[PDB]
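Asks: here is the sequence, then the experimental structure:
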Amino acid sequence: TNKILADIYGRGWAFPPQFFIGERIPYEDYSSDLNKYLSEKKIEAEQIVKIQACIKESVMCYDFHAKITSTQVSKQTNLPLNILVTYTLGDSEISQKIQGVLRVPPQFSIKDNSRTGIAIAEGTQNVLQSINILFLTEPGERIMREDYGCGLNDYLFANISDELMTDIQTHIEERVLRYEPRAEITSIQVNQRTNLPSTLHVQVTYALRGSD
Amino acid sequence: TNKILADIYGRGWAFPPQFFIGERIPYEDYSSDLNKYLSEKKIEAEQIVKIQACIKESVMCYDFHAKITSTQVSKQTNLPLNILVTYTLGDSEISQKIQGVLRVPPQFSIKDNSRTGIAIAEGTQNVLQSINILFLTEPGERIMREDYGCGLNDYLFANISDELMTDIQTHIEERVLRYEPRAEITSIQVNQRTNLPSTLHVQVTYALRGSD
Amino acid sequence: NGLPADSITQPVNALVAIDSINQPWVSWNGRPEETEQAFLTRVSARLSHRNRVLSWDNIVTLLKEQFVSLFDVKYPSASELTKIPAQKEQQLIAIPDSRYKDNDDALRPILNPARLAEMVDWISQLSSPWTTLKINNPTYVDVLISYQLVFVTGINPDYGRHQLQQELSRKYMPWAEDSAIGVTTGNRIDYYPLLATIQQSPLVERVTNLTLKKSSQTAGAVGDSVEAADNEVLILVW
Amino acid sequence: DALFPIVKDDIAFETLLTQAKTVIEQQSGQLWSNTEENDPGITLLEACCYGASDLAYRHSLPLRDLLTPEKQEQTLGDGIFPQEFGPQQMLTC
Amino acid sequence: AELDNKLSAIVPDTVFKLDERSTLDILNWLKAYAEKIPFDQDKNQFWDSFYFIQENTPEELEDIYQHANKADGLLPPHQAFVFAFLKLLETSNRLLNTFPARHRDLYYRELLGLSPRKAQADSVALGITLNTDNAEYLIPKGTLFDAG
Amino acid sequence: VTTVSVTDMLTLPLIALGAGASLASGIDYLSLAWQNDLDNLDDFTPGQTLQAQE
Amino acid sequence: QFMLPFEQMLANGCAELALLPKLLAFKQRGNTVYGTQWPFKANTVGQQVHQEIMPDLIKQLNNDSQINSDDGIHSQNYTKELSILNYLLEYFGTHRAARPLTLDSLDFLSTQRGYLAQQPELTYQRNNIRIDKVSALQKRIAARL
Amino acid sequence: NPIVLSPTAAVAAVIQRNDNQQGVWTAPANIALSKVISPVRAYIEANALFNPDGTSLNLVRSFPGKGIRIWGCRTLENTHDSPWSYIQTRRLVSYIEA
């Protein structure tokens, strides 16, 4: 269902930006086909398809655009197996490699720190993060997008009163409607903190577009 | 910023008209090029470009349309240097001469009474002077322009009262709107002098068009 | 191109007293406006020689600009700039375009002596008074060329040999065929570049033997080029 | 001698951003589909897009001004080209 | 693009390039430049391994950049960020490369004051035949004749 | 023609919005830079004055 | 650190345009063929972050731009400078000399730069000779070879 | 050269103006100043000058598109439970006392 929500609402960079670099692959350790290695070790024939099904399923969960092209076994694990998996993304010409651990039902695990790039936000997380960025941005900060932002700084230092709480609540309603069409605000609650009398706590509750 | 205001609001003759004639140039004293004279005096080569940059900058302020074509040194000052600067105004064929004093950072000074012509009013001073002329002119005084003027003579010898103060204030507002579009009247104050009970003091405050 | 003959037949305004108009010949003294590429070339040349003659390149460049009947101009080789007794006369060789030749042979164009005198007079006006430039007709020297050939299967050898003569004459005698290709001014005939040229023809499969022999000297060996004197232009003959 | 009146529409920030979004769609359309005002990747790119527009605006300045170095370097008696390269010395002999 | 069409119409584009560096050279510069920025020091990780993933060379990335179809929208987003930025700089590079041609035109036309030569009018010779009913006719100077 | 004053932490698009408010058709950041002869999009300092035409 | 390479390539483009009067100069040519500069100023937030790696990156910037450096002759920069000189020499109807095979690279560059810088004097005095002055004929022979 | 001035001169004008407009019980913070080119030091240097449970300053700050504004309303009071931690509160009671 996470795929369904991601396709409907979109995918994008996570906020705040984060960067990762995966661990290096010791290429001088994988020079033996897994299928020949299992066949040589007289493992059962029906185990080959069950083994390969586990590899394909685990990789697809890691990245569902993958298409396995080759597989190899580390020479330093001759029956906890270390596998270097080679795959292509969709119908592209790009190839990538990824380490894994196979255990003989067969179980396959992926190395924890293997992906290189940015962190992404999908579906509900994307729209939730989108509203968060709007709250933290003041108008005039975005270059060539001077209108974008919420602008709650204008209500600071005002006396805490019924007029202020309604002004804050109605301001949020109008700005979210203008700059966030994928979300609908269902309730806003403004309260004054007891331990810190000078601070206001705003509770915002949102629902997705067409979620019902 | 005075250049920007002068271009926007125009420039012209100053009021009241004033006339000047510059001092006569003793042409029989400047027959030696400055660059040759400086080089002959074993001046530093890089000092020369600073010499020329200073003269150009000083003339730049004196008349920003100038374009220096020659520079000569008085023979009565051989190391306080008296300099005769020759320039052309813009891309025209008109050439003019101007005396100066050079001292060796170097600074270049211009003779005080060197300009011949009329006094000009620029930018804000032009608008301020324009309103002053309007107050001092009565309708019917200008030939072929019989309506131009304020017409405050009609309110003389009237009893000093709230009615007179209102009439004077509203009369000024209407006339300035008709005969001065470059200025905006922001406040008019009419008060009776304590030491001279029969005289009214009018305070007028104006702002330039599009200044904010 | 110029206006073709028999173009004007009637005046613009109708006149009842005028019958057909005869225009037997083409127009003349026409010149198109300078293109940008030609403008840059002309200016670059002008900045180099400054409309004056001092060097051999200046003579060749200025002469070809002024006179359209010239295909190429030759000057003495570098072996004579070291000559100690010096030289009274600066001798150049003018190879004219075959279209402007004063004789019948297209392969050996010759200019009238009156024409050559005009070029000498014109060029001397932009030279130092202590120089004497002389322009003379070239001395054509036959270079006998004989090759043994293997033709592409299905092609008659006589037809293939005939076509090869036309191709080589076009390549090595550019002034003959309406001077449309810029080729060396008959200075040298290198053995192997000539061999490559022959084998590039679609009718030629392989060259088995090639020999070049000058008019008087004995036939050269394999890989021997042919030189020309400072007043000679080599011409291929069969 | 200035290219600004000719190319002032190709230097604009919106024109350059449209090209950048086209490349992102073509190359990574199935992994980066949210390209609105709120996407953190877009804001970083939009800043770079403004900087690219600023760089292009500099190139569209008058030709004679871009050939003029600092005042402290400008040689006396010369111009855009040195005095000896004028017509009186390059066309004569 | 539209910029090239309106630039070549007023600038005589030449073979010489002030900045001839291609996308491959820029990518090679980035690989060397990012090799010096450390990601973390506990490992031997530098940013060059972030822009070029694993066994990726600038030659491979340049090929993908030239042919957008061979990725079908599955290139990593951060590399699409680099490709997008390279597209941005192409406009500035194009504008700069027009300066060698404008520089030469300024020297030839403004300083030296040289202009291209205009066309020359050609001349022709016409023979006239009069109609049989005219013994003599005078054709004044300035008569106009049609050549098609 | 309108005139504006540059304050701290102002950008050229922000200046155009303030300057172009009174103008009938507004102004863009590129046109505003050209009219003021700016060397670049950030070639201004606080306290300086800029102008905007139609 | 992610934004730094993009700031660098923007700064170089700004620096490259500022180098234009020197790149196309007829005389007094410089040692660099590309424009580079450090994007950040002193006492800034960006400068403090890249404080430790600044000397190495600046060293790479100088290496990638200068014709001659501590390491010696940069071959690609040497080739680029020859192409610029050949383009400028074509203004006056001449061309660059062939690359030396047994000569000094630095000496060869001096011949070409002096050949271009003294073009007005060389051709105006194409045939003039004076005592205790190198003749234009000698300079032309040196430049061609 | 631009003349450097203390912010207290402009704040006093704001306080006097704010009393007639908003009232003596309204904090005089978050109001843009006039005839001010720029603050001498940036806001990034004042992270240690605000203490919610101690003595703190009132920061004069600039924003993109908002100009230079006052960004604080606390007095020199440092006691957590003291009733005079804000300028408008102390001035309101003195207005009632008067």
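Replies: Nice, thanks for sending it over. Residues are numbered from 1 along each chain as shown, chains lettered A, B, ... in the order given.

Asks: now the strands: where do they sit in the chain?
Replies: You didn't say which chain, so I picked chain A. A:11-13, A:19-20, A:30-33, A:66-74, A:81-89, A:95-103, A:107-110, A:117-118, A:120-122, A:183-192, A:200-208 (DSSP state E).

Asks: not what I meant, chain E
Replies: Using DSSP E, strands in chain E cover E:38-40, E:45-46, E:127-130.

Asks: spell out which residues of chain D are next to chain F.
Replies: Residues of chain D lying close to chain F by C-beta under 8 Å from any C-beta of the partner chain are D:4, D:8, D:11, D:12, D:13, D:50, D:53, D:54, D:57, D:58, D:61. Where you see a C-beta, it was placed from the backbone N, CA and C, and this is true even at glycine.

Asks: go again using 7 Å as the cut-off
Replies: D:4, D:8, D:11, D:12, D:54, D:57, D:58 (C-beta under 7 Å from any C-beta of the partner chain).

Asks: which one among those gets closest to residue A:184?
Replies: The shortest gap between residue A:184 and any of the residues of chain D next to chain F belongs to residue D:12, at 34.7 Å (C-beta to C-beta).

Asks: surely that closest one is in contact with residue F:30?
Replies: Yes - in this structure residue D:12 lies within contact range of residue F:30 using C-beta atoms under 7 Å: 6.3 Å.

Asks: who's more crowded, these two?
Replies: Just comparing residue D:12 and residue F:30: by other C-beta atoms under 10 Å in any protein chain shown the higher neighbour count belongs to residue F:30, 22 against 18.

Asks: who's in contact with the more buried one?
Replies: D:8, D:11, D:12, D:57 (C-beta atoms under 7 Å, 6 or more residues apart in numbering or on different chains).

Asks: if you set the cut-off to 10 Å instead, what comes out?
Replies: D:4, D:8-9, D:11-13, D:53-54, D:57, D:60, F:12, F:16, F:38, F:41 (C-beta atoms under 10 Å, 6 or more residues apart in numbering or on different chains).

Asks: from those residues, list the ones also adjacent to chain G.
Replies: Contacts with chain G within these, as defined by C-beta under 10 Å from any C-beta of the partner chain: residue D:54.

Asks: greatest separation within the residues of chain D next to chain F: which pair is it?
Replies: Pairwise over the residues of chain D next to chain F, using C-beta to C-beta, the maximum falls at D:12 and D:58, 14.7 Å.

Asks: for residue D:79, see how far away residue E:55 is.
Replies: Look at residue E:55 and residue D:79: by C-beta to C-beta, to the nearest Å, they are 56 Å apart.

Asks: so which of these two has more stuff around it?
Replies: Higher neighbour count among residue E:55 and residue D:79: residue D:79, with 14 against 11, using other C-beta under 10 Å.

Asks: looks to me like the more buried one is in a strand.
Replies: No - applying DSSP: H, G, I helix; E, B strand; the rest coil, one finds residue D:79 to be coil, outside a strand.

Asks: where's the residue in chain C that chain G sits nearest to, which helix or strand?
Replies: Closest approach between chain C and chain G, counting by C-beta to the nearest C-beta: residue C:48, at 3.0 Å. Taking DSSP states H and E as the definition, one finds residue C:48 inside helix C:36-49.

Asks: what helices and strands are in contact with the helix or strand just after that helix?
Replies: Using DSSP H and E, the helix or strand that directly follows helix C:36-49 along the chain is helix C:56-66. Where contact means 3 or more C-beta pairs under 10 Å, 6 or more residues apart in numbering or on different chains; DSSP states H and E, helix C:56-66 is packed against helix C:36-49, strand C:70-74, strand C:90-96, helix C:113-124, strand C:133-136.

Asks: nearest to residue E:38, of those?
Replies: helix C:36-49 (52.4 Å).

Asks: neighbours of the residue in chain G that chain C sits nearest to, how many?
Replies: Distance from chain C to each residue of chain G (C-beta to the nearest C-beta) is smallest for residue G:93, at 3.0 Å. Other residues lying near residue G:93 total 19 when counted by other C-beta under 10 Å.

Asks: in contact with the closest residue to it other than its chain neighbours, which residues are there?
Replies: Nearest residue to residue G:93 in three dimensions, chain neighbours excluded: residue C:48, at 3.0 Å (C-beta to C-beta, 6 or more residues apart in numbering or on different chains). Going by C-beta under 10 Å, 6+ apart, residue C:48 touches C:55, C:57, C:58, C:61, G:91, G:92, G:93, G:94, G:119, G:123, G:126.

Asks: buried ones in stretch C:226-238, by neighbour count?
Replies: Of all the residues in stretch C:226-238, those buried under the rule 16 or more other C-beta atoms under 10 Å in any protein chain shown are C:226, C:228, C:232, C:233, C:234, C:235, C:236.

Asks: could you do stretch C:72-85 as well?
Replies: C:72, C:73, C:74, C:75, C:76.

Asks: does it come close to chain G?
Replies: No - judged by C-beta under 10 Å from any C-beta, stretch C:72-85 stays clear of chain G, getting no closer than 11.9 Å.

Asks: follow-up on the earlier one: and the angle from the helix holding residue C:48 to helix C:56-66?
Replies: Counting by axes from the mean of the first three to the mean of the last three C-alpha atoms, to 10 degrees, helix C:36-49 lies at 140 degrees to helix C:56-66.

Asks: how far does helix C:36-49 sit from its chain's centre?
Replies: 22 Å (C-alpha atoms, centre = their mean, to the nearest Å).

Asks: for the residue nearest to residue A:205 when sequence neighbours are not counted, which residues are in contact?
Replies: Closest residue in space to residue A:205, ignoring its immediate chain neighbours: residue A:187 at 4.4 Å, by C-beta to C-beta, 6+ apart. Each residue near residue A:187 by C-beta under 10 Å, 6+ apart is listed here: A:169, A:203, A:204, A:205, A:206, A:207.

Asks: out of these, which one sits closest to chain B?
Replies: Distances from chain B to those, taken by C-beta to the nearest C-beta, are shortest for residue A:169, at 34.2 Å.

Asks: and the gap between that closest one and residue A:175?
Replies: With C-beta to C-beta as the criterion, residue A:169 and residue A:175 are 11 Å apart.

Asks: these two: which is more packed in?
Replies: Between residue A:169 and residue A:175, counted using other C-beta under 10 Å, residue A:175 has the larger neighbour count: 20 against 16.

Asks: so that one touches residue A:154, yeah?
Replies: No - applying C-beta atoms under 10 Å as the test, residue A:175 and residue A:154 come out as separate, 11.7 Å apart.

Asks: what touches both of those two?
Replies: residue A:139.
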